[PDB]
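The block underneath contains the structure these notes are about, expressed in structure tokens.
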Amino acid sequence: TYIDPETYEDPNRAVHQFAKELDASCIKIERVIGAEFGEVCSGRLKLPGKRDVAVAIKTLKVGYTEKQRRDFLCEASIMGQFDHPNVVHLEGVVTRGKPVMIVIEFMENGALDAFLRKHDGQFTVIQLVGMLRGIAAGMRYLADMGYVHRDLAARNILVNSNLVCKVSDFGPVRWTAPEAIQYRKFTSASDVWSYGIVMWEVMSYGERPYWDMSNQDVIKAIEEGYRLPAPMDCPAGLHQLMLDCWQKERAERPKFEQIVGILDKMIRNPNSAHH
Ligand SMILES: Cc1ccc(C(=O)Nc2cccc(C(F)(F)F)c2)cc1Nc1cncc(C(N)=O)c1
């Protein structure tokens, strides 16, 4: 089961429990790939006897306080509790004595929303469904561990060379269930609403949910019963599942295990996605 690292009297204890300390000299930074806390780089990590693995390296820019280090490292305390093929994997951390780092499996194709926009129209229904199935499997794992994501969005899904999609978080009214927006009720059931939004993002190749509508106009429309339509070439049964994820009454939304089951049926018989 997931443990909130902030139930720990000392935040550093959580870091040392769930995140392996790495030797800095075994880490090679190669290129900058992103700009919070510091730069994000790609590189390699040396493993004894094994070939080097490609990693993403999140750095803590120098001049930080004790306090800033704490919040940065909290992420490793969270990540390192998970072990699932559709949840991004923590290799480890450098916490003292050397430049502070979080070291993560490298995901070549980056964030799923930008990836899809770049490859607009290039994936078959079955391929897009495989991507959604991976995300759903990652969420099913997280939900079962008692972890509520709270910011599930295609921008928070990472893609590797093999098109495998993994749940991540880069640290959002249009992705959020109404009960979470209004009453701050964040649960796996509110993550299911977010997932429905992710489904829409994927089937539309990284279009912005609700396009140019203001946050207040999104909230109002949702309250009035508005729901986003099926994207171009999106089968009716996939859109129906989006509609199910977007039920006002959270108890009526499917569970992730049911979502995976439904997508599996679609991968097994592609025709059952239209009905
Ligand atoms: C640099 C980076 C930063 C944050 C994360 C990440 O997913 N962090 C995270 C934070 C809180 C919770 C979770 C979790 F695992 F989803 F629950 C993940 C991953 C990465 N890894 C990564 C790997 N490959 C490419 C990139 C990129 N292109 O930015 C980024």
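For the structure tokens, the naming scheme is as follows: chains receive sequential letters (A, B, ...) according to their order of presentation, residues are indexed from 1 within each chain, and ligands are indexed from 1 in presentation order.
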Worksheet item: Near range 239-243 of chain A, counting only C-alpha atoms, which residues have an atom at most 8 Å away, once you skip same-chain residues fewer than 4 positions from it, shown as a ChimeraX atom specification?
Response: /A:196-197,199-200,227,229-230,234-235,247
Could you dump the residues just selected with N, CA and C atoms as a compact mmCIF listing (two decimals), in the first residue's frame?
```txt
# COMPACT_ATOMS: atom_id res chain seq x y z
N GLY A 196 -11.16 9.84 -18.53
CA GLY A 196 -12.08 10.09 -19.66
C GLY A 196 -11.60 11.26 -20.50
N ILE A 197 -11.11 12.32 -19.84
CA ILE A 197 -10.52 13.44 -20.56
C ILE A 197 -9.28 13.01 -21.35
N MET A 199 -8.67 10.00 -22.50
CA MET A 199 -9.20 9.26 -23.65
C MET A 199 -9.51 10.22 -24.80
N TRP A 200 -10.18 11.32 -24.49
CA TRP A 200 -10.53 12.32 -25.50
C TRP A 200 -9.29 12.99 -26.13
N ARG A 227 -21.23 17.51 -22.72
CA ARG A 227 -20.07 16.63 -22.74
C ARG A 227 -19.40 16.69 -24.10
N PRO A 229 -17.82 15.87 -27.62
CA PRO A 229 -18.25 14.88 -28.61
C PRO A 229 -17.12 13.91 -29.00
N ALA A 230 -17.48 12.84 -29.70
CA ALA A 230 -16.51 11.88 -30.23
C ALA A 230 -15.58 12.60 -31.21
N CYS A 234 -13.23 8.54 -34.11
CA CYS A 234 -13.33 7.85 -32.82
C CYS A 234 -14.58 6.97 -32.79
N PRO A 235 -14.41 5.65 -32.58
CA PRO A 235 -15.58 4.75 -32.56
C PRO A 235 -16.58 5.08 -31.44
N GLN A 247 -19.76 10.72 -15.78
CA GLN A 247 -21.02 10.75 -15.05
C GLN A 247 -20.89 11.71 -13.87
```
Output as CSV one row per residue of chain A within 9 Å of ligand 1: the closest atom pair and its distance in Å to one decimal place, counting only C-alpha atoms and all ligand atoms, sorted by chain and residue number ascending.
```
residue,atom,partner,partner_atom_place_in_ligand_line,distance
A:33,CA,ligand 1,28 (N),6.1
A:34,CA,ligand 1,29 (O),5.9
A:35,CA,ligand 1,29 (O),8.9
A:39,CA,ligand 1,1 (C),8.7
A:40,CA,ligand 1,1 (C),5.5
A:41,CA,ligand 1,1 (C),7.3
A:42,CA,ligand 1,25 (C),7.3
A:55,CA,ligand 1,23 (C),7.0
A:56,CA,ligand 1,23 (C),4.8
A:57,CA,ligand 1,1 (C),6.0
A:58,CA,ligand 1,1 (C),5.2
A:59,CA,ligand 1,1 (C),8.9
A:74,CA,ligand 1,11 (C),8.4
A:75,CA,ligand 1,10 (C),5.1
A:76,CA,ligand 1,10 (C),7.4
A:77,CA,ligand 1,11 (C),8.9
A:78,CA,ligand 1,12 (C),6.0
A:79,CA,ligand 1,15 (F),4.6
A:80,CA,ligand 1,15 (F),7.9
A:81,CA,ligand 1,15 (F),8.6
A:82,CA,ligand 1,15 (F),7.0
A:87,CA,ligand 1,15 (F),5.6
A:88,CA,ligand 1,15 (F),5.4
A:89,CA,ligand 1,15 (F),7.2
A:90,CA,ligand 1,15 (F),8.3
A:102,CA,ligand 1,3 (C),8.1
A:103,CA,ligand 1,1 (C),8.0
A:104,CA,ligand 1,21 (N),5.5
A:105,CA,ligand 1,23 (C),5.8
A:106,CA,ligand 1,24 (N),4.1
A:107,CA,ligand 1,24 (N),3.7
A:108,CA,ligand 1,25 (C),6.1
A:109,CA,ligand 1,28 (N),7.0
A:110,CA,ligand 1,28 (N),3.9
A:111,CA,ligand 1,28 (N),6.1
A:138,CA,ligand 1,16 (F),8.9
A:142,CA,ligand 1,17 (F),7.7
A:147,CA,ligand 1,17 (F),7.8
A:148,CA,ligand 1,17 (F),8.6
A:149,CA,ligand 1,17 (F),6.4
A:152,CA,ligand 1,16 (F),8.7
A:156,CA,ligand 1,7 (O),7.0
A:157,CA,ligand 1,7 (O),7.7
A:158,CA,ligand 1,24 (N),6.7
A:159,CA,ligand 1,24 (N),7.9
A:160,CA,ligand 1,24 (N),8.0
A:166,CA,ligand 1,16 (F),7.9
A:167,CA,ligand 1,16 (F),4.8
A:168,CA,ligand 1,7 (O),3.1
A:169,CA,ligand 1,9 (C),4.0
A:170,CA,ligand 1,4 (C),5.1
A:171,CA,ligand 1,10 (C),6.8
```
Worksheet item: Can you list, as a PyMOL selection string, every residue of range 30-262 of chain A that DSSP puts in strand (DSSP E)?
Response: chain A and resi 30-34+40-45+53-59+90-94+101-105+110-111+157-159+165-167
Worksheet item: Per DSSP on the backbone, what are the helix (DSSP H, G or I) residues of range 85-155 of chain A, as JSON, numbers by chain?
Response: {"A": [112, 113, 114, 115, 116, 117, 118, 125, 126, 127, 128, 129, 130, 131, 132, 133, 134, 135, 136, 137, 138, 139, 140, 141, 142, 143, 144, 154, 155]}
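The nearest approach to residue 71 in chain A among the residues A:151, A:244, A:6, A:264, with only C-alpha atoms taken into account, belongs to A:6.
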Worksheet item: Counting only C-alpha atoms, what is within 6 Å of range 19-24 of chain A, bar same-chain residues fewer than 4 positions away, as a ChimeraX atom specification?
Response: /A:15,80,92-94
Could the residues in this selection be saved with N, CA, C and O atoms as a compact mmCIF listing (two decimals), in the first residue's frame?
```
# COMPACT_ATOMS: atom_id res chain seq x y z
N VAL A 15 12.42 9.51 1.99
CA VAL A 15 13.34 9.52 0.87
C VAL A 15 14.26 8.30 0.94
O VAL A 15 14.39 7.56 -0.03
N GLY A 80 9.06 6.06 -5.82
CA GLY A 80 9.80 4.85 -5.49
C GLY A 80 8.99 3.78 -4.78
O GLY A 80 9.49 2.66 -4.53
N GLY A 92 16.74 5.98 -8.85
CA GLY A 92 17.17 6.37 -7.52
C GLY A 92 17.40 7.86 -7.41
O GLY A 92 16.89 8.63 -8.22
N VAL A 93 18.20 8.25 -6.42
CA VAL A 93 18.42 9.65 -6.08
C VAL A 93 19.86 9.94 -5.63
O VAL A 93 20.59 9.03 -5.20
N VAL A 94 20.26 11.20 -5.74
CA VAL A 94 21.47 11.70 -5.07
C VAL A 94 20.97 12.80 -4.16
O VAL A 94 20.34 13.75 -4.64
```
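Atom pair CA of residue 28 in chain A / CA of residue 45 in chain A: separated by 6.4 Å.
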Item to complete: Can you pull out every residue within 8 Å of residue 190 in chain A, counting only C-alpha atoms, but drop anything in the same chain fewer than 5 positions away, and send it as number ranges by chain?
Response: A: 150, 176-177, 179-180, 185, 250
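Among the candidate residues A:99, A:121, A:237, A:130, the one lying nearest to residue 64 in chain A is A:99, with distances computed using only C-alpha atoms.
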Worksheet item: Out of A:25, A:7, A:12, A:204, which residue has the shortest atom-to-atom distance to residue 66 in chain A when counting only C-alpha atoms?
Response: A:12
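The gap separating CA of residue 143 in chain A from CA of residue 249 in chain A is 18.6 Å, in Å to one decimal.
The gap separating CA of residue 245 in chain A from CA of residue 127 in chain A is 20.9 Å, in Å to one decimal.
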Discussion item. Taking 2 positions as the minimum chain separation for residues in the same chain, which residues sit within 12 Å of residue 218 in chain A when counting only C-alpha atoms? Answer as a ChimeraX atom specification.
Written reply: /A:172-178,181,209-216,220-228
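For residue 265 in chain A, the residues within 12 Å (counting only C-alpha atoms, excluding itself and residues fewer than 2 positions away along the chain) are residues 126, 129, 130, 133, 237, 238, 258, 259, 260, 261, 262, 263, 267, 268, 269, 270, 271, 272, 273, 274 and 275 of chain A.
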